[PDB]
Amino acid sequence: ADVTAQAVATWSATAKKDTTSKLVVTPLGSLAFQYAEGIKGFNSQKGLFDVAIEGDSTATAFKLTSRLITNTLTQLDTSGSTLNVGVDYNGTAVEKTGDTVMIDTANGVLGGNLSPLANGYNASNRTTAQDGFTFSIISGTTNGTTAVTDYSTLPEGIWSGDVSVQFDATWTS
């Protein structure tokens, strides 16, 4: 039978619209979105991750996929306003409804920066690699229900929440 493993990677995220910037404090690695009056929208953020796997010495193929679990940021006050964070892996969406292929040795995918996993999955020891996702704001609500993509219509304030991505590894023999 296949060997399978799962891990969930969670980033904390904040977004700000029209708030004071007299004091800004940012944990390293955190996803920080800022509404820009300039372009009427939010910046994107690259968020990096480290992966480690244990080798399966008799495996003959390896697959690594990702799937979005949570992505909702909510304002800190009484507004109920939310933002949803889109996640991209090398130009391909990582969504809640499917598994985005990152490595698939059988079908001709190495995973780019994740290539060490594609080469080490059937070593007898552990293999490590580092890559990232691009995170962006893909929708929002004024109040938790009324959805928008015109972000100029959002109430001012701060949103926060966790963005969690599930990773699924499969070793085949």
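Start at 1 and count along the sequence shown; that's the residue number.
Averaging the C-alpha B factors as listed in the entry, name the stretch that ends up higher: 111 to 119 or 39 to 47.
-> Per the deposited B-factors, the answer is 39 to 47.
Stretch with the higher entry mean CA B-factor, where the candidates are 158 to 166 and 17 to 25 | The stretch with the larger average C-alpha B-factor is 17 to 25.
Hey, out of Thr70, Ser30, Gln130, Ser66, whose CA B-factor is highest in the deposited coordinates?
-> Highest C-alpha B-factor among the listed residues goes to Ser30.
Name the residue from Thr134, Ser139, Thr146, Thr60 with the greatest C-alpha temperature factor listed in the entry.
-> Checking the PDB record, the top C-alpha B-factor among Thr134, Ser139, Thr146, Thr60 is at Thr146.
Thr97 by Cα B-factor - lowest, middle or highest third of the modelled chain = Its C-alpha B-factor belongs to the highest third of this chain's values.
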